[PDB]
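What the coordinates show
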Amino acid sequence: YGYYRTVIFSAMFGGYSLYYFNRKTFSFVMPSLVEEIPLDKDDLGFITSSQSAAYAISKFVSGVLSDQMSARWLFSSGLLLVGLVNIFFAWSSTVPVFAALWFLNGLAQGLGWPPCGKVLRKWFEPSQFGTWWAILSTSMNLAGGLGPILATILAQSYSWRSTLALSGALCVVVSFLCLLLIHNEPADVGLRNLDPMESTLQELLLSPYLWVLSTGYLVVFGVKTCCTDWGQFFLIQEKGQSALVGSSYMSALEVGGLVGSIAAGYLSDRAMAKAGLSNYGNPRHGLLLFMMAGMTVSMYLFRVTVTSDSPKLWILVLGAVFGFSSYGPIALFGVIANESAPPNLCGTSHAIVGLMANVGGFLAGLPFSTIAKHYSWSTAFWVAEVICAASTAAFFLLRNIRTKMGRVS
């Protein structure tokens, strides 16, 4: 029983790592391209926004579409298309073809996660679902970490064209292997399927739990993005610190976030296993509320206590704590959304919470800068903290509402 779990998890890990590395290879190899071919920063923003829009639209459409077909053909086709796009990028010359191919890459990249989530839910009992979710999700962190060094080393002894071609060929080979290996359903090999304890979209959208979860995810994502974007500006312009302090703060925040995501997954899974079965509440709500309280406390302490005569250790500890308390709930919202949804309508819920995330991420962009430039940065951070506190109070107020979606008996 465990051998198939091991092989499927290994294949998914490799596939997702290749996804992330070939998503970020452009920014990885950017300097050599600039040296060989002149570039204009406006066109760089053009390309980046093109991919951002394509990836968002593809994520939504793939989330909607994943439940209609299998979760293996989609994964393999997505990786094959990404590899083909990266290969064909090596012979492009001008900016428009760059933009078109990179838009196609953004469209292709949307097929990655939903099949993996469906397979993970189908193959794992609830006592290990969140833990293995977080463990698999760490692959993108691993790729983002050990991508640039390899890119620079390879570019030292070869041109960027060869690097892109090799990456594309490797992606195609990995796609073939993943198509060969991954098994979507336990009963397909012939063994006994796990007992899944129908629902229709019309009464799927009429469930208040989905709206509550979406609002919470929007708020937490907005707070995270605003803080991670404007922390350096707040610490430099007003607190009078140095750039090294900001870099160390960012690194500590990332490390704390990784640790928080992993620990949240593990502890939530342990609590779910420990708890009983009922149609009211959810065992992960306690951890979610604790981590949101950590958000609020860390943000208030960072806003108030941190001054111009603060040792670097205080800033590092605050950054690590905020990263922990911020990257916990972000993964926990997705885990809850996928788990609690009806078995045949999970991808739609994932797409809905993703587009809420997109809206929340937008809401912390230009308006935040406008508020900061109007009065000050401290006013903007106070507004963000007040919104976070109100959101966590509201979420705690409704911990006992119906948690299962779909038709109700």
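Each chain carries its own residue count, running from 1 in the order of its written sequence; this scheme can depart from the entry numbering, and residues that have no coordinates do not appear. As a rule here, side-chain values come from all non-hydrogen atoms in the structure, and water together with hydrogens is ignored. Residues with missing side-chain atoms are left out of burial classes, side-chain pairs and their counts.

This deposited entry lists cryo-EM as its structure determination method and 3.6 Å as its resolution.

Further remarks concern the overall build of the protein. Put simply, DSSP H or I for four residues or longer makes a helix, DSSP E for two residues or longer makes a strand, and each gets a number counted from the N terminus. When helices and strands are tallied, the protein shows 16 helices and 0 strands. What you see for the protein is a C-alpha radius of gyration of 22 Å, in line with the 22 Å of a compact globule of 409 residues. Each principal axis of the C-alpha atoms in the protein carries an extent, and together these give about 65 × 55 × 35 Å. As defined in this context, the radius of gyration uses C-alpha atoms, and a globule is described by 2.2 Å times the residue total to the power 0.38.

With 25 residues, the main nonpolar core has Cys226, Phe322 and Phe368 as its most contacted residues. Those elements that provide at least two residues to this core are α10 (208–237), α11 (243–274), α12 (285–304), α13 (312–340), α15 (366–374) and α16 (377–397). Of all the elements, α10 adds the most residues to this core, at 6 residues. Here, residues are in contact when the closest pair of their heavy atoms is within 4.5 Å. What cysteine 226 contacts, discounting residues up to four positions off in sequence, is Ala364, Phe368 and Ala384. By convention a nonpolar core is built from buried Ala, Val, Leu, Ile, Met, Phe, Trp, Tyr and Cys residues, the set being connected through side-chain atoms within 4.5 Å. Relative accessibility under 20% of the residue-type maximum defines a buried residue, over 50% an exposed one, and the middle range a partly exposed one, all with a 1.4 Å probe and only protein chains included. Core analysis: the next-biggest nonpolar cluster, separate from the first, contains 24 residues, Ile8, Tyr16, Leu79 and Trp123 among them.

Turning our eyes to something else, we now look at the domain arrangement of the protein. Throughout, the edges of the domains are those of an automatic or database domain assignment. The domain architecture assigned to the protein consists of domain 1 (2–183) and domain 2 (201–397). Distance between the C-alpha centres of domain 1 and domain 2: 26 Å. Tallying the contact residues gives 18 residues for domain 1 and 24 residues for domain 2. Here domain 1 and domain 2 share an interface that buries about 1,700 Å² over both sides, 62% of which is from carbon and sulfur atoms. Here's the idea: put two parts together, see how much 1.4 Å probe accessible area each one loses, and the total over both is what we call buried area. Counting the surface domain 1 buries against domain 2, the share from its top three residues, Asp67, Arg121 and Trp133, is 31%. Any N or O atom pair separated by 3.5 Å or less is treated as a polar contact, with the protein-specific requirement of one donor-capable and one acceptor-capable atom, and with residues adjacent in sequence counted only for side-chain atom pairs. Taken together, the connections running from domain 1 to domain 2 amount to 8 residue pairs in polar contact. Going through the elements one at a time, α2 (41–65), α5 (113–123) and α6 (129–145) are the ones with two or more residues in the side of domain 1 that touches domain 2. It is α6 that provides the largest number of residues to the side of domain 1 that touches domain 2, a total of 7 residues. Under the grouping applied here, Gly and all other residues not named as nonpolar or charged are polar, the nonpolar ones being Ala, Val, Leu, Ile, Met, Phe, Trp, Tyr, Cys and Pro and the charged ones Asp, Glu, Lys and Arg. Tallied by class, residues from the side of domain 1 that touches domain 2 come to 8 nonpolar, 8 polar and 2 charged.

Two aromatic rings from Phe, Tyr or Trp, using only the six-membered ring of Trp, form a pair when their centres are within 6.5 Å; if the ring planes differ by under 30 degrees the pair is stacked, by over 60 it is edge-to-face, and anything between is tilted. Per the stated rule, a full pass over the model turns up 23 aromatic pairs. Summarising the aromatic geometry, the rings of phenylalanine 9 and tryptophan 132 are spaced 5.2 Å apart at their centres and angled 70° between planes, so their arrangement reads as edge-to-face. Remark: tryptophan 132 occurs in helix α6 and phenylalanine 9 occurs in helix α1 (residues 2–36); sequence separation between them is 123 residues. On the accessibility criterion, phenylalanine 9 (13% relative accessible area) is buried. Note on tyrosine 16 and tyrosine 19: the rings are 6.1 Å apart at their centroids and 70° apart in plane angle, and the pair reads as edge-to-face. In this pair, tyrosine 16 and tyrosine 19 are both assigned in helix α1, 3 residues apart and thus about one turn of the helix distant. Since its relative accessible area comes to 14%, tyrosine 16 is described here as buried. Here the aromatic residues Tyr16, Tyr19, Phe75, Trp113, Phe129 and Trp133 are joined through ring pairs into a cluster of three or more. Two thresholds decide whether a charge sits over a ring: the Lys NZ or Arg CZ must be within 6 Å of the ring centre and within 35 degrees of the ring normal. The ring of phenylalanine 124 carries the charged tip of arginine 5 above its face, separated from the ring centre by 5.0 Å. Between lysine 239 and the ring centre of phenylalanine 302, over which it is positioned, the NZ or CZ distance is 5.0 Å.

Position of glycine 144 relative to the elements: it lies in helix α6. As for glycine 144 and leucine 104, which are separated by 40 residues in sequence, their C-alpha atoms are 21 Å apart. Residue contacts for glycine 144: discarding those within four places in its chain leaves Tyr20 and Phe28.

Moving on: the state of the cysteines. Put simply, a disulfide is two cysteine sulfurs that come within 2.5 Å. According to the stated counting rule, one finds 0 disulfides in the structure shown. Here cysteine 171 is not disulfide-linked; the sulfur of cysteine 178 is the nearest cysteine sulfur, at 10 Å. Free of any disulfide, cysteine 227 has its nearest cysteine sulfur in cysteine 226, 6.1 Å distant.

Take the packing of α12 against α13 next. Packed helix pairs are specified by the crossing angle of their axes together with the interaxial distance, meaning the distance between the axes. Axis definition: a line fitted to C-alpha atoms, over the contacting stretch in the case of helices. Angles run 0 to 180 degrees between N-to-C directions. Taken N-terminus to C-terminus, the directions of α12 and α13 make an angle of 150°; their axes are 9 Å apart at the nearest point. Comparing their axes, α13 and α12 come out roughly antiparallel. Every pair of crossing elements has a handedness; the one defined by α12 and α13 is left-handed. Contacts between α12 and α13 involve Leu288, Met291, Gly294, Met295, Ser298, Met299, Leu301 and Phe302 from the first element and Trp314, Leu318, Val321, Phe322, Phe324, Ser325, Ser326, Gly328, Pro329, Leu332 and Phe333 from the second. Its residues assigned to classes, the contact of α12 with α13 comprises 14 nonpolar, 5 polar and no charged. An angle counts as roughly parallel when it lies under 35 degrees, as roughly antiparallel when it exceeds 145, as roughly perpendicular when it falls between 65 and 115, and as oblique in every other case. Helix crossings are classified by the rotation of the near helix relative to the far one: an anticlockwise turn of less than a right angle makes the crossing left-handed, while a clockwise turn makes it right-handed.

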